[PDB]
């Protein structure tokens, strides 16, 4: 079965690490960071990895029941699954599918319905994924809210993410840290079942990222968010399940107005892209440009320089 990537343009696609559109293609050096995101991870033959699931809108959402921490505006959420069943911590995954894969303060809204009468409520909420109480793999996360008495126990509650925050009285853009994984089971625990770190291995190459800007809700957050694969590529490979004929799919990025190739890149079968470039660079592309799979090559193929 022939392998393909979708014909959607970059701007027609969605970040796989937060529920926002893609904006641009970006390449840069990894530096002293290890790049190991857990959302937006899928092999080219359609095996989901890490915490990756298929829904573009369920990324960084949470569902469950909540309990008030007395005297505070904090609430503890006992996690349910995406369809309100019990969360199974025995599954060999790092954390529930769709769990945030970076350390930062994600602001959004906690909503709840009382099942007996259909009454509803909603409050500003922030989840700090570097917090000691961020333990999604154990089935519990804590939210800071703007209420101390308007959430009920034993009622379905959902967190919808909006954006990120930063304490402006502290060093600007010091958080989020997009390449720092949470400790999914809390302090002094060790993450397990992670999708692997990715890095270029060939001279002159860098990762190519699909970049968005997360909305900021307060302060001076670092809003950059790089994913390794658009969410639509995850969905496409999962359905197509085309076998990989080598370890590297050569893609050409084409301007359809001219038919001319802008650049070429390697889509590694384990689900990430490299390009021949060094340094930080926002790629200049026509907005109707698209990726086209052209041929299977090896790890020693030399790309045309970006």
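Numbering follows the first chain given and starts at 1.
As listed in the deposited structure, the average C-alpha B-factor of 169-177 and of 86-94 is greater for 86-94. Legend: mean Cα B-factor per stretch from the PDB entry, 213-221 versus 199-207; the higher mean is in 199-207. Going by the entry's values, 258 shows the largest Cα B-factor out of 51, 36, 274, 258. Annotation for 124, 105, 158, 187: 187 ranks highest, by Cα B-factor. Compared with the other modelled residues of the chain, the Cα B-factor recorded for residue 296 ranks in the highest third. Sorting the modelled residues of the chain by their CA temperature factor places residue 68 in the highest third. Ranked within its chain, residue 56 lands in the lowest third, by CA B factor from the PDB record. Ranked against the other modelled residues of its chain, the C-alpha B-factor of residue 282 as given in the entry falls in the middle third. In this PDB entry, the Cα temperature factor of residue 118 sits in the middle third of its chain's modelled residues.
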